[PDB]
């Protein structure tokens, strides 16, 4: 029974302040507001549209044990105990996220946050950071998280190149969708032990193949 693990925040308060500063710097660069939750804005999807029972083929449910861990991590972030992560600009990838301390295998990294909208409303959208929330049998019910105006660290995490022979080797975390109180939720979890300085990478095409990755480093 693989249990979700809470992250271990950097012990030095100055290291936590510096980490939080790199995220605030990147958000400011994209003219974004920090948001550690899913937001339901006007002219977009209402909170009522976000029901995991609409997921074609159903959605796995987050256990009480794993919800407790998720609540612990959320409460930790509220008081200033962020996961040990640094947002770093790279000339070949743009903004990237690296571990600024050890992250054990099965450790909760972050929830993918931003504005929830209908997929039907974003067919023409240029946002490079859209993440599937709900895939329904009727496509006009499907939802996407849009961190263009509001979001957190998750929108800055890099993806693997799905076309190269060795590109899968870079993956050290995974994005998963779970039902929490009957709603869809998107989370990032470590898939192996990650060392300080190690850049985070997950598979952007973990279910659909809607993200072009051929040119990825």
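Residue numbers count along the first chain shown, from 1.
S.K.: Read off the CA B-factors in the entry, average them over 106-114 and over 68-76, and name the higher stretch.
M.R.: Stretch with the greater average CA B-factor: 68-76.
S.K.: Per the PDB record, is the mean Cα temperature factor higher over 184-192 or over 56-64?
M.R.: It is 56-64.
S.K.: Looking at 82, 99, 134, 145, which one carries the largest C-alpha B-factor according to the PDB entry?
M.R.: Answer, based on the entry's C-alpha B-factors: 82.
S.K.: Choose from 49, 176, 157, 160 the residue with the greatest Cα B-factor as stated in the PDB record.
M.R.: Comparing C-alpha B-factors across 49, 176, 157, 160, the maximum falls on 49.
S.K.: Please rank the C-alpha B-factors of the chain's modelled residues and tell me whether residue 200 sits in the lowest, middle or highest third.
M.R.: As the PDB entry reports it, the C-alpha B-factor of residue 200 lands in the lowest third of its chain.
S.K.: According to the PDB entry, is the CA B factor of residue 127 in the bottom, middle or top third of its chain, that is, lowest, middle or highest?
M.R.: Residue 127: CA B-factor falls in the highest third of its chain.
S.K.: Is residue 13 in the lowest, middle or highest third of its chain when residues are ranked by C-alpha B-factor?
M.R.: As the PDB entry reports it, the C-alpha B-factor of residue 13 lands in the highest third of its chain.
S.K.: Using the B-factor values recorded in the entry, state whether the Cα atom of residue 153 falls in the lowest, middle or highest third among the modelled residues of its chain.
M.R.: It belongs to the lowest third of the chain when residues are ordered by C-alpha B-factor.
S.K.: Relative to the other modelled residues of the same chain, rank the CA B-factor of residue 164 and answer lowest, middle or highest third.
M.R.: Ranked within chain, residue 164 CA B lands in the highest tercile.
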